[PDB]
Structures are given as C-alpha cells and as structure tokens.
C-alpha cells in the first residue's frame, strides 16, 4: 500500500521545556516523564508528510516548546549519546523555518544524510525542533540534528548549510552551530 521508512520515528512534544522550568522539576528523567506528550509514530513516507504538514508552527507555541522525532522510539537523552554531538540550526523567520524543517527532516527521516554523508551509518537518531525567541528575533526556531559520533559534525554542518541554500534560504536566514554532549 504505503512506503515504509528505513525505520519508524516516534514523534513527541515537550511543552515550554526551559532550563528554569526543570527548577519546578528540582533531575531530567522526571521532568520528561511528566511533561512529554506522545503525538504519533511515523512508519511510512505518506505518514511522514501528513504529520509534517499537520505540525502546529513552532513560534506560535510557547518558548521552549520542543518536537522530538526519535528513531525506533529511542530516548532523546544526552546520556544515550556519549561520543555524540548536536548540530544546531537557528532560523530567524517562521516562513523560512518551514522550508528548513522540511529539508532537515527529509534528510534525516528519508535517510538522506545516511547515504550522502555517513556512507550507510545511521549516525542520526534524534531531530528536535523548538521555539527559542529573543527580544531581537521572536519568530526564531531551533533545529537540532543529534549525532551518535562527533567525528561526523564536521561533515553534517557543510551538508545542512548547502541543503538550506538550495532550499531557498540565504546566509542571514539561518545560523549553523554545535553543542558537544
């Protein structure tokens, strides 16, 4: 009937997930346990597209509101990925952030990164998408591409930036970054 992804990805939502909100939650395990909401289990390309299209625009939700796409329903914990890293993308307008999200998700879930960068290795298991507004940029959206190995971030950063340029985004439309685990 429909076309299976290489792996199903579980989609969850953590509302207004901020560092000073885990102040209300003293521990990470219990903050997630209580706040995370399950949204869907993407098995196919058809399921993928309807989910991506149905997603309520990140900036509209509260500051810190994250969407987690976790390969084979893995726990998106830094703890789970010790030799890893997370490639960051900040998108200044909500308009560009749609095009950007569509690229980064199609590259991850569609195994684009896997066969274009990792030579077959499934290095990416988590993609987080959250609202991170500034007094400066209030429509700001952040994408995190989680890696199992930091050796690859050196190659994920030019690949994602090149893809985003091809997707229509200028250099003022986004900023690439990294955060070690």
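Positions refer to the first chain, counted from 1.
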Quiz item: How many residues that are in the deposited sequence but not in the model lie between residue 26 and residue 27: none, 1 to 3, 4 to 9, or 10 or more?
Solution: 1 to 3
Exercise. Pick between 36-44 and 51-59: the one whose mean CA B-factor in the entry is higher.
Key: 51-59
Exercise. Compare the mean C-alpha B-factor of 166-174 with that of 14-22 as given in the PDB entry, and name the stretch with the higher value.
Key: 14-22
Quiz prompt | Which of 79, 90, 102, 111 ranks first by CA B-factor in the deposited coordinates | solution = 79
Quiz item: Against its chain's modelled residues, does residue 70's Cα B factor rank lowest, middle or highest third?
Solution: lowest
Quiz item: Which third of the chain holds residue 151 when residues are ordered by C-alpha B factor: lowest, middle or highest?
Solution: highest
Practice problem: Grab the CA temperature factor for residue 123 from the record and place it in the lowest, middle or highest third of its chain. | Solution: middle
Practice problem: Please rank the C-alpha B-factors of the chain's modelled residues and tell me whether residue 5 sits in the lowest, middle or highest third. | Solution: lowest
Exercise. Quick one: classify residue 144 as lowest, middle or highest third of the chain based on its Cα B-factor.
Key: lowest
